[PDB]
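The chain below stands alone and is given as structure tokens, in the form deposited in one PDB entry.
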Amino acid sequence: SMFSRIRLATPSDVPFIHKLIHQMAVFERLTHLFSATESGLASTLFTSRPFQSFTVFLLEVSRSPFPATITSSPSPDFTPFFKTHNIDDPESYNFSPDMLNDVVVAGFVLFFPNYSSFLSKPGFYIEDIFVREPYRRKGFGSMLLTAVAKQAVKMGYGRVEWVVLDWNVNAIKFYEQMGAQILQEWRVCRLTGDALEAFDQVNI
């Protein structure tokens, strides 16, 4: 048996969030895009309460059962999610929130509220899901997505949204099986870098 739990991240989890983002960049061969720092994460991710703005769920695993609750959870609207599964992790020591306890961080989902004007209802947008290598091929990416959807339902939020690569045919079919719809008409536009910084010069 391997036990898993999904909980809310708090400021003390910044080292693990930093390392998970780095491993995600390594996995994607995108480390040239990585400039995240622990200070940057610590000063930006936790300026609001969970679900108020940026929110991170952490996936943790253990060979022994987790506690049934988290009494110190940073939100009153959240109780952890759990699953039991029927493994060598050399990086365990860099992912243990309590060095003496047999629990390691295995993945994360980062999400934040979006909004539907026509409904006057918030929803969630999922920005990143990443599961580190020893825990891959076990369905944990889907478990983290499911956790965000379940939280949206508990809170009465209107929609959960994310993006998918046009060619990722297997993920598209997976999302459709869940009842999600791929909105074929929209394209994402991004203003960044020197192009964004040039707006400093507009006389308004």
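Heads up, when I say rigid core I mean the largest set of C-alphas that superpose within 1.5 Å between the two forms. In this text, residue numbers run from 1 along the sequence as written.
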query	finding
Flanks modelled, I70 absent in at least a third of other entries	yes
Interval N86-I87, deposited residues with no coordinates in the entry (none, 1 to 3, 4 to 9, 10 or more)	4 to 9
Stretch exceeding the other in mean C-alpha B-factor - 159-167, 66-74	66-74
Per the entry, higher mean C-alpha B factor between 24-32 and 46-54	46-54
C-alpha B-factor winner, where the candidates are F82, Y93, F124, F130	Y93
Residue of maximum C-alpha B factor among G107, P97, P113, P134, per deposited coordinates	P134
Chain third (lowest, middle, highest) by recorded CA B-factor, residue given as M178	highest
Third of the chain, ranked by Cα B-factor, where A195 sits	highest
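Same protein, other form: the form deposited in another entry, not shown, and the subject of what follows.
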item	value
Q181 C-alpha shift between the shown form and the other one of 2 Å or more, rigid core reference	yes
Rigid core superposition, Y115 Cα moves 2 angstroms or more between the shown form and the other one	yes
